[PDB]
There are 2 protein chains.
Amino acid sequence: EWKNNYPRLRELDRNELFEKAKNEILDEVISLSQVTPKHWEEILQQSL
Amino acid sequence: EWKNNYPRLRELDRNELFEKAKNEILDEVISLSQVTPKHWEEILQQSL
């Protein structure tokens, strides 16, 4: 039943899902920190 | 120095690198298990 309902997804328990969520949060934080400061300055100036 | 040597790579300590290696091993195992059995049977028959 698990294989049929999720042909492209394997077992996802609490530990693996929590680790994946933590990794996704870390990747999002990294991407946020990697944004060019010039775009931030332009957006902030325009909004203000 | 760390930022300049690795412009596209952030800090990679023992814990994060070990976790990334474990995740890569798990992904490789998942991909190995997800290979179609027919291709395995054909390859094994031809090799034998």
# chains A, B, ... in the order shown; residues from 1 in each chain; ligands from 1

call {"tool": "closest_atom_pairs", "arguments": {"of": "range 2-45 of chain A", "to": "range 30-46 of chain B", "cutoff": "12 Å", "atoms": "only C-alpha atoms", "output": "Markdown table"}}
result
| residue | atom | partner | partner_atom | distance |
| --- | --- | --- | --- | --- |
| A:3 | CA | B:34 | CA | 11.6 |
| A:7 | CA | B:34 | CA | 10.0 |
| A:8 | CA | B:34 | CA | 9.0 |
| A:9 | CA | B:30 | CA | 10.0 |
| A:10 | CA | B:30 | CA | 8.4 |
| A:11 | CA | B:30 | CA | 10.8 |

call {"tool": "select_by_dssp", "arguments": {"residues": "chain A", "states": "helix (DSSP H, G or I)", "output": "PyMOL selection string"}}
result
chain A and resi 2-5+14-33+37-47

call {"tool": "atom_distance", "arguments": {"atom1": "CA of residue 18 in chain A", "atom2": "CA of residue 23 in chain B"}}
result
13.5 Å

call {"tool": "atom_distance", "arguments": {"atom1": "CA of residue 4 in chain A", "atom2": "CA of residue 19 in chain A"}}
result
24.3 Å

call {"tool": "atom_distance", "arguments": {"atom1": "CA of residue 25 in chain B", "atom2": "CA of residue 1 in chain A"}}
result
26.1 Å
